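To keep things clear, I will list the structure first and then write my remarks on it.
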Ligand SMILES: *[C@@H]1O[C@H](CO)[C@@H](O[C@@H]2O[C@H](CO)[C@@H](O)[C@H](O)[C@H]2NC(C)=O)[C@H](O)[C@H]1NC(C)=O
């Protein structure tokens, strides 16, 4: 919160197994404003990614 | 796995992407984007008792 | 003196003034008259 | 009043505001959310005229 929501760092950081957005398009994230951004970080297996 | 959870409620709080603000124009039909709120109209000084 | 009450899911009809303030309210499940007021969206029936 | 009030309905869309759909989603997704709003609006106007 209280920051500039620049998402180009996510694409620059690494290629990913999956990058699936449900509410918004993955390329519109830098145009929108977000009331509260929460990053839930965890490790799972590939067969559980779905 | 990182889940970026957020809600879009016409930005009661901002956390906005890397966009650049411009100057206000009043008493003209203009397009506008206020923390993501998008529309077209004539913006005037308000006298509503907020 | 100390008072404690508890909130529950309820529907209310909120009356606003010319200014941004609430002057009255109807609890839509309190009484058949209140339910009617909420149905009609009026404080006078 | 009823005809105007129906504009606030989502009809299954993520948002009743067309600008939010176009701002958040890319064309192939926006068309689905827009078709949901168009269908609802079509029944609202047809009911009004009938
Ligand atoms: C609504 O707010 C106004 C102030 O913004 C309250 O006061 C009145 O303001 C008008 C402004 O033109 C004056 O002409 C009135 O004389 C003011 N009232 C008094 C008693 O002096 C107004 O009272 C508020 N309304 C309510 C219902 O609280």
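Protein chains in written order, with the authors' numbering: chain Y, 359 to 408; chain E, 510 to 559; chain R, 264 to 308; chain V, 960 to 1009.
Don't be surprised by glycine CBs; every beta carbon is placed ideally from N, CA and C.
Indicate whether residue i and residue j have their beta-carbon atoms separated by less than 8 Å.
i: residue 520/E; j: residue 359/Y; result: no
i: residue 984/V; j: residue 382/Y; result: yes
i: residue 551/E; j: residue 536/E; result: yes
i: residue 962/V; j: residue 1003/V; result: yes
i: residue 273/R; j: residue 288/R; result: no
i: residue 993/V; j: residue 973/V; result: no
i: residue 396/Y; j: residue 514/E; result: yes
Got a sec: does ligand 3 put a non-hydrogen atom nearer than 7 Å to the Cβ of residue i?
i: residue 558/E; result: As far as ligands go, the structure on display features ligand 1 and does not contain ligand 3.
Alpha carbon to alpha carbon, how far is residue i from residue j?
i: residue 542/E; j: residue 549/E; result: 9 Å
i: residue 528/E; j: residue 385/Y; result: 14 Å
i: residue 380/Y; j: residue 367/Y; result: 20 Å
i: residue 971/V; j: residue 401/Y; result: 33 Å
i: residue 996/V; j: residue 975/V; result: 7 Å
i: residue 302/R; j: residue 1000/V; result: 24 Å
i: residue 556/E; j: residue 538/E; result: 19 Å
i: residue 370/Y; j: residue 405/Y; result: 26 Å
i: residue 510/E; j: residue 378/Y; result: 11 Å
i: residue 1007/V; j: residue 304/R; result: 22 Å
Starting from the C-beta of residue i, find all residues in its chain whose C-beta is less than 8 Å away, skip the five residues before and the five after it, and write them out in chain order.
i: residue 407/Y; result: 375 and 376
i: residue 392/Y; result: 363
i: residue 525/E; result: 544 and 545
i: residue 331/R; result: Because chain R here runs from 264 to 308, residue 331/R falls outside it and cannot be looked at.
i: residue 554/E; result: 535
Please return the same chain residues whose Cβ sits closer than 7 Å to the Cβ of residue i, not counting the five positions on each side in sequence.
i: residue 285/R; result: 277, 278 and 279
i: residue 290/R; result: 273, 275 and 297
i: residue 390/Y; result: 382
i: residue 982/V; result: none
On the criterion of 16 or more Cβ atoms from any shown chain inside 10 Å, does residue i qualify as buried, or is it exposed?
i: residue 964/V; result: exposed
i: residue 399/Y; result: exposed
i: residue 534/E; result: exposed
i: residue 545/E; result: buried
i: residue 558/E; result: exposed
i: residue 518/E; result: exposed
i: residue 968/V; result: exposed
To which residues of the same chain is residue i closer than 6 Å at the C-beta, ignoring the five residues directly before and after it?
i: residue 294/R; result: none
i: residue 365/Y; result: 387 and 388
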